[PDB]
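Everything on this sheet refers to the single structure shown next.
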Amino acid sequence: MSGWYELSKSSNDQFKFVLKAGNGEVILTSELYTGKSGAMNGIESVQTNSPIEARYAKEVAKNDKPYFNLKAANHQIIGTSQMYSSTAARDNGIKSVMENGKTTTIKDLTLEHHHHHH
């Protein structure tokens, strides 16, 4: 488990959490949740989905851009990855995601004024 979760607030007060591989490099970026309950519960969902590969969604853009999304049991979009360069980068990323996506290290940047990035 080399990575961790960071939840941050957007200009609309909407919350989005980012999963980092280990060195700080972000592998998963979730979209704007209108409520923290959905974001955090989304993280716990990812923890249960992490060992269950049947929950993934692997896609490649027409410009040969490999990426992947993560769905919960109700088929909702809880996680979304950033366009990688090589196909190998994507699948190696997934291996990291499975390892760290099941971590309990969660940082709240919404309540405290730690505005890292918009």
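Each chain in the structure tokens gets a letter, A, B and so on, in the order shown; residues start at 1 in every chain, and ligands are counted from 1 in the order they appear.
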
Long-range neighbours of residue 1 in chain A as a ChimeraX atom specification, 9 Å cut-off, only C-alpha atoms, 3 positions minimum in chain: /A:4,21-22,96,98-103

To one decimal place in Å, what is the distance between CA of residue 42 in chain A and CA of residue 6 in chain A? 12.6 Å

Shortest interatomic distance to residue 35 in chain A - which of A:94, A:7, A:18, A:57, counting only C-alpha atoms: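 Checking each candidate against residue 35 in chain A, we get A:7 as the closest.
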
What are the DSSP strand (DSSP E or B) residues of chain A, as a VMD selection string? chain A and resid 4 to 9 15 to 20 26 to 29 33 56 to 61 65 to 71 77 to 81 106 to 108

Kindly give the distance, in Å, that separates CA of residue 79 in chain A and CA of residue 53 in chain A, rounded to a single decimal.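 Interatomic distance here is 13.5 Å.
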
So which residues touch residue 112 in chain A within 12 Å, counting only C-alpha atoms, skipping near sequence neighbours fewer than 5 positions away, as a list in words? residues 7, 8, 9 and 107 of chain A

Those residues you just picked out, can you put them in a file as an mmCIF file, in the first residue's frame with N, CA and C atoms?
```cif
data_model
loop_
_atom_site.group_PDB
_atom_site.id
_atom_site.type_symbol
_atom_site.label_atom_id
_atom_site.label_comp_id
_atom_site.auth_asym_id
_atom_site.auth_seq_id
_atom_site.Cartn_x
_atom_site.Cartn_y
_atom_site.Cartn_z
ATOM 1 N N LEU A 7 -8.956 14.309 -0.139
ATOM 2 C CA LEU A 7 -10.229 14.943 -0.497
ATOM 3 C C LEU A 7 -10.105 16.473 -0.462
ATOM 4 N N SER A 8 -10.496 17.146 -1.541
ATOM 5 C CA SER A 8 -10.386 18.613 -1.610
ATOM 6 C C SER A 8 -11.696 19.270 -2.064
ATOM 7 N N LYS A 9 -11.858 20.551 -1.723
ATOM 8 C CA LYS A 9 -13.045 21.325 -2.105
ATOM 9 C C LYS A 9 -12.790 22.160 -3.372
ATOM 10 N N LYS A 107 -6.800 11.977 3.716
ATOM 11 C CA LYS A 107 -6.556 13.364 4.136
ATOM 12 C C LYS A 107 -7.716 14.287 3.724
#
```

Non-local contacts of residue 46 in chain A (12 Å; only C-alpha atoms; under 2 positions in same chain excluded) as a PyMOL selection string: chain A and resi 5+17-19+28+30+38-44+48-53+55-56+69-73+76-80+97-104

Quick check for you: according to DSSP on this backbone, which residues of range 60-90 of chain A are classed as helix (DSSP H, G or I)? Reply as a list in words.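 Going through range 60-90 of chain A, the helix (DSSP H, G or I) residues come out as residues 87, 88, 89 and 90 of chain A.
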
Could you save the residues just selected, with N, CA and C atoms, as a JSON list (two decimals), in the first residue's frame?
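Saved to result-v5.json:
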```json
[["chain", "number", "residue", "atom", "x", "y", "z"],
["A", 87, "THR", "N", -0.04, 1.79, -23.18],
["A", 87, "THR", "CA", -1.00, 0.82, -22.63],
["A", 87, "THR", "C", -0.45, 0.19, -21.35],
["A", 88, "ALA", "N", 0.84, -0.14, -21.37],
["A", 88, "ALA", "CA", 1.53, -0.70, -20.21],
["A", 88, "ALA", "C", 1.43, 0.24, -18.99],
["A", 89, "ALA", "N", 1.57, 1.55, -19.22],
["A", 89, "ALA", "CA", 1.41, 2.55, -18.16],
["A", 89, "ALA", "C", 0.05, 2.41, -17.46],
["A", 90, "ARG", "N", -0.99, 2.19, -18.26],
["A", 90, "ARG", "CA", -2.35, 2.02, -17.73],
["A", 90, "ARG", "C", -2.46, 0.78, -16.83]]
```

For residue 105 in chain A, the nearest of the candidates A:14, A:23, A:86, A:2, counting only C-alpha atoms: A:2
